[PDB]
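Single-letter residue listing:
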Amino acid sequence: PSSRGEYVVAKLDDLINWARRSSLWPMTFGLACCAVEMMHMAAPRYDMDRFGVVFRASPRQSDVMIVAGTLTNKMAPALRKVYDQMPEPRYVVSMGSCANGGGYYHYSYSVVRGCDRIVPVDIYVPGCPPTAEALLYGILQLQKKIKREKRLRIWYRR
Amino acid sequence: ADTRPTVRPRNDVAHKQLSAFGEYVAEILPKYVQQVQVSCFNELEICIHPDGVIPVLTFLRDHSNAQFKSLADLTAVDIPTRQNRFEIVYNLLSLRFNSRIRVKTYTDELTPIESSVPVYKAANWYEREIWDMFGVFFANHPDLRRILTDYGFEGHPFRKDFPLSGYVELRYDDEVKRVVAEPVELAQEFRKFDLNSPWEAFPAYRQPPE
Amino acid sequence: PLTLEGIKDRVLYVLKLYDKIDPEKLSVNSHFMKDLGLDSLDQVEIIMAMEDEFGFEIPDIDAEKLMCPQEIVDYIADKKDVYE
Amino acid sequence: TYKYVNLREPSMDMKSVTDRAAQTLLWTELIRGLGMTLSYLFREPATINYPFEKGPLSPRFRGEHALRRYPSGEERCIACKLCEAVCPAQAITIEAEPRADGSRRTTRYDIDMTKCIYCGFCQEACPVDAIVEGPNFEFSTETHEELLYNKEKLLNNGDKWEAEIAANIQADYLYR
Amino acid sequence: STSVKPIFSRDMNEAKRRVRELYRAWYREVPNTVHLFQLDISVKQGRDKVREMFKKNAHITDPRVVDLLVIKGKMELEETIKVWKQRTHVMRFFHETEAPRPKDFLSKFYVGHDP
Amino acid sequence: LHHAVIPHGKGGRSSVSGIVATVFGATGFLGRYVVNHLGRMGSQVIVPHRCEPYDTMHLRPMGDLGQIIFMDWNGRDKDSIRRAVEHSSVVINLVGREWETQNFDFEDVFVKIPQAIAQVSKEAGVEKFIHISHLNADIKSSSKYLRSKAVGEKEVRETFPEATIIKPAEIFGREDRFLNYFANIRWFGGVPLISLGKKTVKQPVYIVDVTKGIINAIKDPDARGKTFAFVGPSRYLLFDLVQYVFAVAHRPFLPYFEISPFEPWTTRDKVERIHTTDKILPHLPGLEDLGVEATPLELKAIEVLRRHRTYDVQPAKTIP
Amino acid sequence: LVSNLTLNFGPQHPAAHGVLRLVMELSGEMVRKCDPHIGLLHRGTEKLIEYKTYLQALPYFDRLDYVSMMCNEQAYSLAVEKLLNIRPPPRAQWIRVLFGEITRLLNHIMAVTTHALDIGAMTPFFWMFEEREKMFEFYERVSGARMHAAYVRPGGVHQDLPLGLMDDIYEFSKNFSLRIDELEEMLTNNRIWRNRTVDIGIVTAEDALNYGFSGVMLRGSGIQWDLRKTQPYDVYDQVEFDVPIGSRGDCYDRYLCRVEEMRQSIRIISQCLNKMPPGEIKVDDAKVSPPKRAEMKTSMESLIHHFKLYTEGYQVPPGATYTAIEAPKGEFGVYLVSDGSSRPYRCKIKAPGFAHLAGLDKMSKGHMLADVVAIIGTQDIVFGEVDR
Ligand SMILES: NC(=O)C1=CN([C@@H]2O[C@H](COP(=O)(O)OP(=O)(O)OC[C@H]3O[C@@H](n4cnc5c(N)ncnc54)[C@H](OP(=O)(O)O)[C@@H]3O)[C@@H](O)[C@H]2O)C=CC1
Ligand code: SF4
Ligand code: SF4
Ligand code: SF4
């Protein structure tokens, strides 16, 4: 066989970028109304599991966190704690409008104005609640966002 | 009842009963009851001196004609324009007679009200909330502390003089690897719309001159 | 075992540990309020320090009178019950 | 009018008892439980195929706010600030000055798609049907800033989808 | 007239008692707090901070208020004792991340508008 | 100052400071504190980077909306460099490595890359500039890291004569590779191999101390053109430190890894810097001048190695 | 106290009821005490509403109990109607009732299924949730929003039902009762389910009254009380349905009661479709009900009243009141207080799950640790309204 160093990296890099997106195990934070849609997205109609996205995973063996609902100041420390326990790679997805900018409760003293303050978010899903189909678009969108990752190529060019 | 679909049909019979049941409690506990009034939408109001929280609530719970077994609700209404700024309110239910009565008191920051937990086990937490959000203290409460606000909340939110946006907003800091707090800064200020119409709305409720 | 002298010893040594107290003005009958001139809050720490040093509880109401190092010696006499 | 839910008295006849005794030692009701599940195996799953298929919606659906134009092309909005004054979350910001030709029109018009609650009040209060909500919902973004739509973004979306927004409004303006 | 219902203490002489009772409660707890939460401040620092919050309330005079201030303290301590608080909640008294806020006049006139 | 950079607010997260800072190589251990401190007060920040955009995520919470930007660039290219510095009120260069690759040797990261950045800033008319030099810079020094470093300290002082070159000593912190270097790398799976660490004097500094120094330098108008070095307040011996470290880390101690792909550990040249003494430069202004006090290693070494400590320690003796 | 454990739901599992931090005091295997911490979702809803117009505040009540939406809005609507001294048109009262029962179907499906999800019974979660999906369309086809419809407003509803909807709700109702019978065919008679919810969390009749319980908690231990029968509001006086009553008081009866209530909802919907009357959908009092766009764009007065009701809202007479409804979970009501301005002065929200949770300590005495799973679930606790 024959191939340059760059080429072999891409193909074996393309593999992992496919494995790490064909099998996502999302931790779920059912904090508020938008938690319900997350259940529908797993319900029979859409069956998020049909894409490999399992329903339940140990928070310490997750693959992506979907912050769903409001993020109270009291509950904020717990969220950050959970975030640090996630093994890498860890992708955080903000779901809804209270998990993005405080939504309806932007001006509430006890509401964290956007979960992005507590952690770095990857995908932002609008809509309070985001229809169970829209949320599924974000997850599919996330897989592509993974698919546009070139770790090894950048490593080979260090 | 009347033939007007855009108006609320009055039920005078129930209104008459409350007035009849009015003096019934005004005569029985005159040491505390200050004022009893009945609203046109069939809701009885009893005004009690704060001391009489237990004598009056305990009475209605057990008397042979009140029988108000269950406590519907328990809150307070901050009103900074009165010497006793706060104003407790007890909403009582009566399955036997199928009626509801409202009992109100008056207190302030530094004049605690006896815990009504002995009268009803329902107020075990409602009294924590009132203290938590308003600051009123309840005497002899089995376990009084914050129930809603965040730990170490240096303030009583639901008071009318507590800014809506609070005093500290959280955030995560990498330098210290822990959530932190700082004085609140808003990307966009809360716009304060002024809505009051300058023309008298209801002549019935007009407050006479000074 | 009893060493009523020891009570006079540790107490003087212990107050030496309290950084606020200047060693020179310390005496078996020094005045906390004026000689040392500490805070009533501070003397509470001292009382607590003695509790650990002598290993037993000290009531607060008593602690609101032990204004001089001697009374720590005198008051602890009844508690220890040493009658040299 | 009420009814009793759990007030059955097990008749003590031998045959009846033998049934309750038969049930325990033979798990029959549990065998029945395996029956209902088996049926659902041979049913047809209600799973649609996304994105090649979509979940049915209605003309009233609420989605991505957008700004419309008359058939001529002119902006419908006239900066009346009804939508701002009613948006419950105060997600709307507006400014206006008399345009060159002396016509009331906006200069700054911003909707915060993270403070929005997607309530539909804005499209209710518009006296000229300018600000509406299109049937689009797949607009998740990788950054917070992208979800702050200003006048230019809203106008583009309105032009982008206008072929459909009118179609929905046409079928539904009568109920309003 | 000044007829007012008290809460716990009928006069400052009794009220001041619980303050000293309370101070010991913190003074003996700071060592536990540092180790329990694995904070990174020496046991000495906590008590010094503790005195400040007690000290800033020295000016108080109303018997009821001191009862109230005391009542809050127990709740603050009880949460700390039971570990209901979290490492974050403990350090909020020290204001680490906050940079030095200027306080003299010429400092203010160079940075902004706040008097 | 430009009309849009006039100070506004109270210096919080969403307050506008007026410091449009462009940080090069901000992904490093030192940068993330500088970014965080700049983000703290809400100063506009541009962050060119080379790694995956994934690796820059942890910087995002550190800045308000639209205050952190993640462009792309390459050291070998100057077209990219110009974009990131076109309108910056100041530019900070933090590039560097602890080992050499087959792409960028020590000179490239320590001479040309620091320079190429400097010229474009002059070309673009950047009003200020900051450069991180090494305390032990000398062309006659043994450590090629230092010998390569010593070259850069000259061009930066020449291409941008007003650039405030800074020469900090060894730095330590939560993510540092110095205190964590001894605890894990030196000992794990391997008995200490210290080559008679009896003569060396090491005077490390705390990362937060360095971070506060840089920001104060940006604000100061008189700091233009000067040169600084940051050193802890207490000097130490190499051998004394390692022994003391195992007390905090509670690892067994016995007084007295090659170069590979990935990120090598215990490199050939890295050793020379551990043994190399910390220069004594009493004439150069240091931290105390910037309104910053050195924090003793005793106070803060507890937090860094607390994680090393699995599941009452006399502070290390000093050497004058 | 032997070893107190801070059993936490913060790492929320697939139950979607909220986040609960629970502090307990065990004695070996058996639990002995409990102390729920509920501040984890307090957003301050009861304080913001003091800055909104009564119209602007309506969407909040939708987000209190995010599984019984339209029931919540009805509770708020009745309170404003009562203070406004106006009645919604008779057609409106049927629509609101029509969806109250549909919402009650939505609530119980979540309650029974998730209550079975927590105990490992996972299959019944999906089957019924498919029906929830079908019912969402009825929400979506009338109001355009799958969940937070805000369809019900003070004065009736917003838009009339579209064509072909009632003819399609009927289709759902007809076959629905077959769905429940499948559900019972795996929960009721199953012995494993019985072992978990019989003689568990028994609540004495007198205590239930004292602690302040309502709904299936009261009626799950014999107490005959349902506000749809004693204090009807819209049309419930004009329909036929039997309030199921349990006798044991354990969890099992409450599970039976909820399943029986859903059937009693179908018996009502069957009567709502057949009896639905014609007429307008909102009070024909323009000062409270903004006119339809047709008149707004044509008539002068019709415009002004569409220019004030969307910037200043409608004034309400000074006063206060407490109005409650038999929401799916239990009694739900608001102590709205109006001082004459278009913004409420105060609004206390009597969440049925607030009292049912405080009483968890009482119910949890002398039960294994795993039984708190089957005890919290049986109360149908959603922390949206516990904290508000
Ligand atoms: N502890 C110390 O060494 C002390 C600090 N200094 C100096 O401080 C500076 C920053 O410290 P520190 O953060 O720990 O250093 P780092 O090892 O963390 O690297 C700093 C940045 O340089 C980047 N980098 C490496 N190679 C290149 C390249 N060809 N082109 C562009 N970027 C590149 C790195 O990105 P990537 O990871 O993707 O390669 C990284 O973001 C150093 O340069 C050092 O000389 C001086 C005295 C003591
Ligand atoms: S983001 Fe949506 S679902 Fe979540 S709390 Fe806010 S309104 Fe409810
Ligand atoms: S849908 Fe409601 S919250 Fe969203 S922009 Fe329109 S009016 Fe505002
Ligand atoms: S309500 Fe309509 S016309 Fe008025 S400002 Fe808003 S978008 Fe423009």
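This text goes with the structure placed above it.
Residues numbered from 1 in each chain as written, not as in the entry; some residues may be left out. Chains lettered and ligands numbered in written order. Part of a larger assembly, values for the part shown. Heavy atoms only, no water.

Caption draft 1: Structural view of the overall build of chain G. Looking only at helices and strands, chain G features 17 helices and 10 strands. Taking 2.2 N^0.38 as the reference for a compact globule, 388 residues should give roughly 21 Å; the C-alpha atoms of chain G span a radius of gyration of 22 Å, in line with that estimate. Its C-alpha atoms put chain G at 75 × 45 × 35 Å along the principal axes. Here chain G holds 388 residues, and 72% of them are scored as buried. For chain G, the computed accessible surface area is about 11000 Å², with 53% contributed by carbon and sulfur atoms. If the 45 positive side-chain charges of chain G are averaged to one point and the 50 negative ones to another, these points end up 3 Å apart. (Helix = DSSP H or I, 4+ residues; strand = E, 2+ residues; numbered from the N terminus. Rg over C-alpha atoms; globule rule 2.2 N^0.38 Å. Buried < 20%, exposed > 50% of the residue type's maximum accessible area, 1.4 Å probe, protein only. Areas by Shrake-Rupley, 256 points an atom, 1.4 Å probe, with all protein chains shown as cover. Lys, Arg positive; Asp, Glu negative; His and termini not counted. Charge placed at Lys NZ, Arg CZ, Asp CG, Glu CD.)

Caption draft 2: Up close: the overall build of chain D. Of regular secondary structure, chain D possesses five helices and six strands. When the helices and strands of chain D are listed from N to C terminus, the series reads β-α-α-β-α-β-β-α-β-β-α. For chain D, the C-alpha radius of gyration of 29 Å lies well beyond 16 Å, the compact-globule estimate for 176 residues. By residue count, 45% of the 176 residues in chain D fall in the buried class. Considering only contacts within chain D whose residues lie at least 6 apart along the sequence, 68% involve residues at least 24 apart. By element, 58% of the accessible surface of chain D is carried by carbon and sulfur atoms, the whole surface being about 9600 Å². Placing the 22 positive and 27 negative side-chain charges of chain D at their respective mean positions leaves the two points 6 Å apart. (Contact = heavy atoms within 4.5 Å.)

Caption draft 3: Main features of the site of ligand 3. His-65, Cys-87, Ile-111, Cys-116, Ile-117, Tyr-118, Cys-119, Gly-120, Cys-122 and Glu-133 of chain D make up every residue found near ligand 3. Of the residues assigned to the shell around ligand 3, the class counts are seven nonpolar, two polar and one charged. (Near = heavy atom within 4 Å. Nonpolar A, V, L, I, M, F, W, Y, C, P; charged D, E, K, R; others polar.)

Caption draft 4: The arrangement of the pairing of strand β2 (residues 64-68) of chain A in detail. All names here are of chain A. Most of β2 is tucked away: five of the five residues are buried. Residues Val-64, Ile-66 and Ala-68 point to one face of β2 and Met-65 and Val-67 to the other, with burial holding for every one of them. Relative to β2, strand β1 (residues 26-30) runs parallel, the two being bridged by five bridges. Residue pairing in the sheet places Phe-29 in a bridge with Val-67 of β2. Where the polypeptide runs from β1 across helix α2 (residues 34-42) and back to β2, its parallel neighbour, the crossover connection is left-handed. The pairing of β2 with strand β3 (residues 91-95) spans five bridges and is parallel. Of the residues in β3, the one forming a bridge with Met-65 is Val-92. Taken together, β2, helix α3 (residues 76-84) and β3 constitute a β-α-β crossover, and its handedness is right-handed. (Pairing = 2+ DSSP bridges. Right-handed = clockwise from strand over helix to strand, strands pointing away.)

Caption draft 5: Quick look at the sheet that holds strand β1 (residues 3-5) of chain G. Residue and element names in this part refer to chain G. Pairing is antiparallel in the open sheet, where three strands are placed in the order β1-β2-β3. Single-partner strands in this sheet number two, and they are β1 and β3 (30-37). Adjacent strand axes in the sheet meet at a mean angle of 20°, parallel and antiparallel pairs treated alike. With three bridges connecting them, β1 and strand β2 (residues 21-27) associate as antiparallel partners. Within β2, the position partnered with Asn-4 by the bridge is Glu-25. (Axes fitted to C-alpha atoms, helices over the stretch in contact; angles between N-to-C directions.)

Caption draft 6: Structural detail: a nonpolar patch on the surface. Taken together, the side chains of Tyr-7, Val-8, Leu-12, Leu-152, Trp-155 and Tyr-156 of chain A together with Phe-262 of chain F present a nonpolar region at the surface, about 710 Å² in accessible area. For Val-8 of chain A, a relative accessible area of 40% corresponds to the partly exposed category. (Patch = residues over 30% accessible without salt bridge, like charges linked within 9 Å, V, L, I, M, F, W, Y side chains within 5 Å. Salt bridge = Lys/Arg side-chain N within 4 Å of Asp/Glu carboxyl O.)

Caption draft 7: Inspection of helix α5 (residues 151-172) of chain D at higher detail. Residues and elements named next belong to chain D. In this model, α5 (22 residues) spans only 26 Å end to end at C-alpha, well below the 32 Å of a helix rising 1.5 Å per residue. Maximal helix bending in α5 amounts to about 70°, located at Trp-161. Those residues of α5 that fall on the buried side of the exposure criterion are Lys-151, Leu-154, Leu-155, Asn-157, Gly-158, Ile-165, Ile-169 and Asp-172. In this structure, the buried residues of α5 make contact with β2 (65-67), β4 (104-112), β5 (131-133) and β6 (148-149). (Expected span 1.5 Å × (residues − 1). Bend = angle between axes of the 7 residues up to and from the residue.)

Caption draft 8: Local environment of the interface of chain C and chain E. Contacts between chain C and chain E engage 16 residues on the former and nine residues on the latter. It is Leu-41, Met-48 and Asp-60 of chain C in chain C that bury the most area against chain E; as a group they hold 47% of the surface buried on that side. Linking chain C with chain E are six salt bridges, by the criterion used here. Residues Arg-28 of chain E and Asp-52 of chain C are paired through a salt bridge, measuring 2.7 Å at the closest nitrogen-oxygen approach. On inspection of chain C and its partner chain E, the count reaches nine residue pairs in polar contact. Those elements that provide at least two residues to the side of chain C that touches chain E are α3 (40-54) and α4 (60-63) of chain C. Broken down by element, the side of chain C that touches chain E gets its largest block of residues, eight residues, from α3 of chain C. Its residues placed into classes, the side of chain C that touches chain E shows eight nonpolar, no polar and eight charged. (Buried area = accessible area lost by both parts, 1.4 Å probe. Polar contact = N/O pair within 3.5 Å; in protein donor to acceptor, adjacent residues only side chain to side chain.)

Caption draft 9: Broad picture of the interface of chain B and chain G. Residue-level contacts link 61 residues of chain B with 58 residues of chain G. Taken together, both faces of the contact between chain B and chain G bury some 5100 Å²; the carbon and sulfur share is 58%. When the buried area of chain B at its contact with chain G is split by residue, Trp-125, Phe-158 and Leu-195 of chain B rank highest and sum to 14% of it. Where chain B packs against chain G, one counts five salt bridges. The salt bridge partner of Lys-348 of chain G is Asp-73 of chain B, with a shortest N-O separation of 3.8 Å. On the surface where chain B and chain G come into contact, there are 16 residue pairs in polar contact. Taken together, the elements giving at least two residues each to the side of chain B that touches chain G come down to β3 (70-76), β4 (88-94), β5 (99-104) and α3 (123-134) of chain B. Of the residues assigned to the side of chain B that touches chain G, the class counts are 35 nonpolar, nine polar and 17 charged.

Caption draft 10: A look at the sheet that holds strand β10 (residues 227-228) of chain F. Residues and elements named next belong to chain F. Strand order across the open sheet formed by seven strands is β3-β2-β1-β4-β5-β6-β10, with parallel pairing between neighbours. At either margin of the open sheet sits one strand with a lone partner, and together these are β3 (68-69) and β10. Examined bridge by bridge, strand β6 (residues 164-166) and β10 share two bridges and lie parallel to one another. Note on β10: the bridge partner recorded for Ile-166 is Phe-228. Sitting on the sheet, helix α4 (residues 144-159) is in contact with β5 (130-132), β6 and β10, with an inclination near 165° to β6.

Distances and angles like these do not, on their own, reveal function.
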